[PDB]
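Residue numbering begins at 1 within each chain, and the chains themselves are lettered A, B, C, D, E, F and G in the order written.
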Amino acid sequence: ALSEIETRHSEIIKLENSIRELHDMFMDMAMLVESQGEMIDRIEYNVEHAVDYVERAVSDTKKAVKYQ
Amino acid sequence: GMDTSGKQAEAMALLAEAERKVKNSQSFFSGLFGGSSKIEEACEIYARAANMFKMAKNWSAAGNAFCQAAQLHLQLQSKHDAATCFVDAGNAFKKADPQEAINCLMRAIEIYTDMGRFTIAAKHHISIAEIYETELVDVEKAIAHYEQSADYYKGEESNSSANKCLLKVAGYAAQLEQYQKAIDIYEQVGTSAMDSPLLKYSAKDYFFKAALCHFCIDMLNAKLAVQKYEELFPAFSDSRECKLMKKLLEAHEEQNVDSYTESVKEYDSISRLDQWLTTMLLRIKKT
Amino acid sequence: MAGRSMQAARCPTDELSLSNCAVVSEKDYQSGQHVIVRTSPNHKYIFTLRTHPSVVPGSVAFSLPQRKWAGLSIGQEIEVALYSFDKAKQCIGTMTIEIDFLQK
Amino acid sequence: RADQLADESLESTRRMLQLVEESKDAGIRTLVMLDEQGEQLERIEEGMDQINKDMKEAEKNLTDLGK
Amino acid sequence: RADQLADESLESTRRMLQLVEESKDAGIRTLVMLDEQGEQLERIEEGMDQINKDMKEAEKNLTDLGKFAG
Amino acid sequence: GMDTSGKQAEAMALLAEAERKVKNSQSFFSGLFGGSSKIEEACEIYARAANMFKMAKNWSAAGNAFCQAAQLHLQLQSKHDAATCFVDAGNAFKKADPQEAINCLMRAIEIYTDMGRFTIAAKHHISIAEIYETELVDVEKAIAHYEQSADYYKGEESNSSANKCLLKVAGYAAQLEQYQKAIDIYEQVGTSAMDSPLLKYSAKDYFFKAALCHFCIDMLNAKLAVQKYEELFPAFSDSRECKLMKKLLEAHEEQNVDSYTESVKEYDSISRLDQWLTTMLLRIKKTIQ
Amino acid sequence: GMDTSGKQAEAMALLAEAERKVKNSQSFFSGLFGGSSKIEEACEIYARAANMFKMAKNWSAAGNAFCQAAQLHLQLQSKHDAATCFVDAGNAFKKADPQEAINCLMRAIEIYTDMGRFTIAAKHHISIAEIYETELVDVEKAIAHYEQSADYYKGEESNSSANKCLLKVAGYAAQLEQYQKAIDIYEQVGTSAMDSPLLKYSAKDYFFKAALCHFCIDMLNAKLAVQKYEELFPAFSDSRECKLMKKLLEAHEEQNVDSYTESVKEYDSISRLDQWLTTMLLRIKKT
């Protein structure tokens, strides 16, 4: 009984250590993923803007060439 | 700082020479009609003068110069540039005075909708909704803008954004005591989350909120609603939400404040509650 | 006679609740009329109507014992069709009634 | 002092329950944002492909016309 | 009856240790990797802004030259 | 709403104007021979009217107008733009008419894969399989589409997507088709993951499903495959799945339904089912005699 | 089946048309001087033929067609299309015969480094290292490619890719009885992981492996290295790694082979090891 209870105490202290480590690790998870989500959002916006601008650029350049 | 106010002053002088450019448009462009690029560079100097103003920490002046450049730039050509300038003016006006930011954002919305860009229109609608919520007290306008953005996003199979917009609207409605819309949205989103394995675990909260908004309106239907959620989702009763709800609705059958007061205090003993849920419970359990 | 959709409501008065009669609006029905309340193809329950002025047209009121026996809830939509009792057969000669204390 | 150990074990059990529940609650929303990021990511990928194809064809046609 | 108490205790500790070590080892690699995607998307941003500026200047110069020729 | 009705009215006006524009263009071609600006402008009008119309809450005719514009554009030796418009029209028809969307998506797949792009073709095949299986109750052509998508993905060494598609195909096959293909696919995916940097501890489930399929075939095959998995994967030896399946096999050998019932019930109680293990277990129980 | 056969037949027709095209086009260039459009059309025909060959599941001939198109295009004084064709040929040759895939990928690397770009060069180097490792046994070439890629990554400030390449190189070196280089790389990466708010959790593993590989040499050096590592990282003693190292050190010190084996078995039971670490521990037990 003594050995079993001592082993259980070791197991519980390991429980708290591991769970707290994983918890801090997880808040880091969340922070990093939110930052990446924001910055990909900005990149997607800029992608759409560039696509539209370059499409109208080709359109007007081809129209100008046709004018020649 | 004030070395940036000095260049702000010479940016005002640049706006003055742009006034000279419009005077040229008045008088001298009769012979320089081909100087459309002159008007374009006049708009460019307007825009960079607005940029110097922004760097000078004059938000009102920066927004005014941005909107003036946008107005001078929409000469039936390069409409996208005019829309970008208008949204920049709105961003500049977000701080200080955001009222005209609202109108310029509507103008950008109209430009994009005519062009056909729906994602940008919905995002700007969400932006104006949030500026209303954070600046003004009107929620109805924010609710309408969020619903409209959700409609755009669902029109192009952008389901997640519409789902979140509807979730926010339903939460506000439950706080705004419109329980039919809240229950419908909560059950719809719960069923949608149940569809995919990724959001399979989340259905418990949505079912709980739908059941709460059911139980507030018609107490007897609370039993039927919790039952229906349970067979529809066999792993809903196991959830603490369903057990707690059953405890509250069964205690309410007999008039004993101690029972459900102890229940809610125990529930708060394991996890802190939110303003929405706490206010809901305090309102509902009074009668 | 064919049955029309309505809304289940709560009984307005304690005595009417004790009367065990579905409280209905005068504009929609009459006291003494018998109806069959259908909530689903397999759930039909027969009621006797008692008119009260407070009943809004377009809804039917049931008391809490009635709303528990009949599986009816406030705000729910319920189709009510008039019911005819065969008096040569359905007149209750002797009914076996179980009784118990409602309140402990 | 085994009863004191049992009481401490109960308290630690409660603490573990709270911590695990908080972790699960945050994990659910972590799922939701990963879904959102993937949703946006697919659209940006498709837009990139479209712009690349339009640009290849446009520049090639212009170069051919130049000759 | 303490035998089954010990049996459940050893099962509890065994499963706890293995599963906890699994999570601890697993998360590390993924989150070491996420920074690589972050910096790749940084490079995407840099190249893309340069690309956009390049086309903007090229198109405006082409329009100006075409107007000059006419 | 006034906006919707006005959008629908102006879209009809624009469609009529586009039809008259194409008629006048075919007339002017012989009349004046202006080139091809007229046809491109008519296509532009059609596309603008179609986008406004799909903004107008109406979908079917918007997709039809997009298809017409795409056809007229492809008439001008333009393919990628026409193919993209075809894809958009199919997406619009998704909620209006599945068959038109399916046909447009086939045309887009053919043109794209002829160009040289396989990833878009594979994604379109996955979309076809999803749209078919989600609303139409059938698998076989969905299985074919998943297999084609996996093949296209593997052609460019994109292993993850092809593996996922093959896993889905094998799961559907086991649910409905014979278990040989499912057994082979599950065993392959399980054995190709002993060294997985991040999947070191789930090959057990794949091998367990393969063993369950073996048991659904025959007891002797069940046990032989059970050993094969045991020695092949040492970690699987200590897995709870190993003990559960061995207990189930030894129970089924002796013809005692009670042991099987208690084992399955305990397994369900400790851990939830998956709707696929339960069906196979019930089919096994049906043959206890 | 039928699709593959039809693709192969159409592709054979296209190839025959392509040889006819190249022959008649060179003849017409000689006799009429029509420019270079015909050569470009022939190159595009070759590219489409290679694409349809890959469709037909004939990777050797598809890669041959890609290489032919690359050679023809670079003969036309253009690089990027030639490099893309060469890398596509390598991808086709990746399966079946990768030696010519290796050669064409090396040519692609050569042209890319001639242009001046780094990232693609390092990616191709690591790809060739992977090809050598998976299809060949000459791990030395893989080590050299990893070294070149790591140098490029470190120079371009891409610390993550360089760290990964260095870790792989150290693993391979310590695998082939080389410890000094392995010791240096492992301790360097561990030190690099000191201040990392995230990699700090992983910093211990590199030090543990470094201590083991250093202990492959002698005992006293291992004790000094491990105590130095503990002093550098005060919390390293918290993990089971330090106690395991100390126990193994004393067990080897007092020739307690059975105790060493029992401790290794206990560690394996609590956490299974890999082939490499088990080999290292058995090698340690040999003396």
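Note that in this section contacts are C-beta pairs under 8 Å (C-beta built on N, C-alpha and C of every residue); 3 or more make two chains touch, one makes a residue touch a chain.
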| item | value |
| --- | --- |
| Identifier of the chain whose CA centre is least distant from the whole-structure CA centre | D |
| Pair joined by the larger number of C-beta contacts - E-G, A-G | E-G |
| Centroid spacing, where centroids are CA-atom means, of subunit C and subunit E in whole angstrom | 63 |
| Averaged-CA centre spacing for the pair subunit E and subunit D, given as whole angstrom | 8 |
| Mean-CA-position distance for subunit D and subunit B (Å) | 21 |
| Cα-centroid distance, subunit A relative to subunit C, in whole angstrom | 59 |
| Contacts with 2+ other chains: residues of subunit G | 198, 201 |
| Multi-partner residues of subunit A (at least 2 other chains) | 15, 19, 21-22, 25, 28-29, 32-33, 36, 40, 43, 47-50, 53-54, 61 |
| Multi-partner residues of subunit C (at least 2 other chains) | none |
| Of all residues in subunit G, those that touch subunit E in their complex | 119, 158, 160-161, 198-199, 201-202, 270-271 |
| Interfacial residue positions of subunit A with respect to subunit G in the complex | 21, 25, 28, 32 |
| Of subunit C, residues touching subunit B in the complex | 64, 67-68, 71-76 |
| Residues of subunit D touching subunit F in the complex | 49-50, 53-54, 57 |
| Residue ranges of subunit F in contact with subunit G within the complex | 113, 116, 155-157, 235 |
